[PDB]
Amino acid sequence: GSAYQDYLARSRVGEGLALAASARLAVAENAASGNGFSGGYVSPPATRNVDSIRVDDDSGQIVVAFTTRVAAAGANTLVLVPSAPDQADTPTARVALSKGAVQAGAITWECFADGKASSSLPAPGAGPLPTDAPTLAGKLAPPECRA
């Protein structure tokens with residue numbers, strides 16, 4: 001769309017990612033206690049811009065679904081992927097979260113928009129890829145979500 005409409009959409013996407021911070025909190029807390037990653041978490045009520053936020057109970061990946069006010073259906077999602085190192089001193093690689101393991105390491109979050117085909121995570125290594133492909137256009141997402 002126009003420059004202004006893109007600027008408006010980007011600001012609304014940023015607001016939506018702030019709303020997903022509570023889902024990332026829930027995943028991190030559950031990982032620390034060895035519980036399923038969606039335990040205790042429910043999507044916030046829909047806003048004019050964010051339809052829903054969902055947490056996968058086995059990987060902790062989060063899908064943020066924006067409404068058609070932000071982007072067209074099937075072109076509207078961002079995915080947030082959590083990962084942990086193989087060990088917490090000079091780490092060797094990056095692993096997805098494991099249900100039932102107590103995760104002591106810092107958990108790193110990586111955002112993915114449409115067109116980001118690979119993790120941009122540097123050494124200690126690249127992170128896992130979204131299970132459900134995100135479809136929100138990269139120009140509407142923060143830079144760290146973009147290819």
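Note: the structure precedes this text.
## Considerations on the overall build of the protein chain
- Counting its secondary structure elements, the protein chain contains two helices and five strands.
- If one aligns the C-alpha atoms of the protein chain with their principal axes, the spans along those axes are about 45 × 30 × 20 Å.
- For the protein chain, with 147 residues in total, the buried portion stands at 43%.
- Long-range pairs, those at least 24 residues apart, make up 54% of the contacts in the protein chain between residues at least 6 apart in sequence.
- When the accessible surface of the protein chain is summed, it comes to about 7,300 Å², and 55% of that surface belongs to carbon and sulfur atoms.

## Remarks on the state of the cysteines
- Scanning the entire structure with this criterion turns up one disulfide.
- Note on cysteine connectivity: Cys111 is disulfide-linked to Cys145, with sulfurs 2.1 Å apart. Because the sign of the S-S torsion sets the handedness, a value of about 95 degrees for the bond joining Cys111 and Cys145 places this disulfide among the right-handed ones. Of this pair, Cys111 sits in strand 5 (residues 108-112) while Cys145 sits in the segment after strand 5, and the two are 34 residues apart along the sequence.
- Since its relative accessible area comes to 6%, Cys111 is described here as buried.

## Some points on the pairing of strand 2 (residues 62-66)
- For strand 2, the buried fraction is high: five of the five residues fall into the buried class.
- Bridge count for strand 1 (residues 50-55) against strand 2 is five bridges, and the pairing is antiparallel. Looking at strand 2, one finds that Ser52 is bridged to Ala65.
- The loop that links strand 1 with its antiparallel partner strand 2 comprises six residues; one of these, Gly60, has a positive phi angle of about 75 degrees.
- Note that strand 2 and strand 3 (residues 77-85) share four bridges and pair antiparallel. Residue pairing in the sheet places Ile62 in a bridge with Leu80 of strand 3.

## Structural notes on the nonpolar core
- Of all hydrophobic cores here, the largest spans 29 residues; its most connected members are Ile53, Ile62, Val64, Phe66, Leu78 and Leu136.
- Contributions of two or more residues to this core are made by helix 1 (3-19), helix 2 (21-33), strand 1, strand 2 and strand 3.
- Of the residues forming this core, the biggest block, four residues, is contributed by helix 2.
- Once you skip the residues sitting within four places of it in the chain, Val64 turns out to touch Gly16, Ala20, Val50, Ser52, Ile53, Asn76, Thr77, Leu78 and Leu80.

## A look at the environment of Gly40
- Positionally, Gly40 belongs in the loop between helix 2 and strand 1.
- A sequence separation of 13 residues divides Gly40 from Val27, and the C-alpha atoms of the two residues are 9.5 Å apart.

## Topic: the side chain of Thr67
- Its place among the elements puts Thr67 in the loop between strand 2 and strand 3.
- Only 2.7 Å separates the side chain of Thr67 from the backbone oxygen of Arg48, close enough to count as a polar contact.
- If we skip the residues at most four places from it in the chain, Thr67 touches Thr47, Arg48, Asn49, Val50 and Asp51.

## Describing the environment of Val70
- Mapped onto the elements, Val70 comes out in the loop between strand 2 and strand 3.
- Classification of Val70 by relative accessible area gives buried; the value is 9%.
- For the pair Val70 and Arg48, spaced 22 residues apart in sequence, the C-alpha to C-alpha distance is 8.9 Å.

Conventions and cut-offs
Residues numbered from 1 in each chain as written, not as in the entry; some residues may be left out. Heavy atoms only, no water. Helix = DSSP H or I, 4+ residues; strand = E, 2+ residues; numbered from the N terminus. Buried < 20%, exposed > 50% of the residue type's maximum accessible area, 1.4 Å probe, protein only. Contact = heavy atoms within 4.5 Å. Areas by Shrake-Rupley, 256 points an atom, 1.4 Å probe, with all protein chains shown as cover. Disulfide = S-S within 2.5 Å. Pairing = 2+ DSSP bridges. Core = buried A, V, L, I, M, F, W, Y, C linked by side-chain atoms within 4.5 Å. Polar contact = N/O pair within 3.5 Å; in protein donor to acceptor, adjacent residues only side chain to side chain.

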